[PDB]
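Coming up is one lone chain in structure tokens, specifically the form deposited in one PDB entry.
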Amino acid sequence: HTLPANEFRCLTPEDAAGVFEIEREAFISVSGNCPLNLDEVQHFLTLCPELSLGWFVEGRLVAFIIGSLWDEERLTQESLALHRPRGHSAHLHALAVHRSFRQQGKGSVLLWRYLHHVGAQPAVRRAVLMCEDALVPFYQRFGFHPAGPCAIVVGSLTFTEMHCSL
């Protein structure tokens, strides 16, 4: 009977298509590649949906974060496709906001809600991610500290690894 004006919930594999569509415009149209392809989105939403969060407006996904657990201090090429159940780090594989909903605090609201959501899970002691140099200041606003160049390479893109103690 009703499509909520705003809904925040963990994602399930049924949201994979919506997530990938956002990635097409958000990442692929810019650099030619993206953090998670359809199969990879489904992988993490199957293994660890509790490590994801999505913002729905009138029944449509407008922002998401997909993560998994990592168990090493630094991110590695292999960590891109792995979920370490025994790990203590919430690895945010991707964060994006639908192009028609940016610049209005949605990314910041979703990120803070995410940090509190996963930080609330006794097992998660830290959050890690990588971003392009221009987003470093942004993440620092949430308690993330620049942790040097990330070892992970994607095409010609280089990233700074960011760590947040929870």
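The numbering used is simple: start at 1 and walk along the sequence shown. Here the rigid core means the biggest group of C-alpha atoms that line up within 1.5 Å when the two forms are laid on top of each other.
Below: the form deposited in another entry, not depicted.
Student: Tell me whether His145 is among the residues that move between this form and the one not shown (Cα shift of 2 angstroms or more, core superposed).
Tutor: Shift of 2 Å or more: no.
Student: Verify the C-alpha shift of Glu132 between this form and the one not shown: is it 2 Å or more after superposing the core?
Tutor: Moves: no, less than 2 Å.
Student: Do you see a C-alpha shift of 2 Å or more at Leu69 between this form and the one not shown, with the core held fixed?
Tutor: No, its C-alpha moves less than 2 Å.
Student: Closer or farther: how do the Cα atoms of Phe44 and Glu23 compare in that other deposited form relative to this form, given a change of at least 3 Å?
Tutor: So the answer is farther.
Student: Specify closer or farther for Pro122 and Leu36: how their Cα atoms are spaced in that other deposited form versus the shown form, given a shift of 3 angstroms or more.
Tutor: Their C-alpha distance grows by at least 3 Å in that other deposited form.
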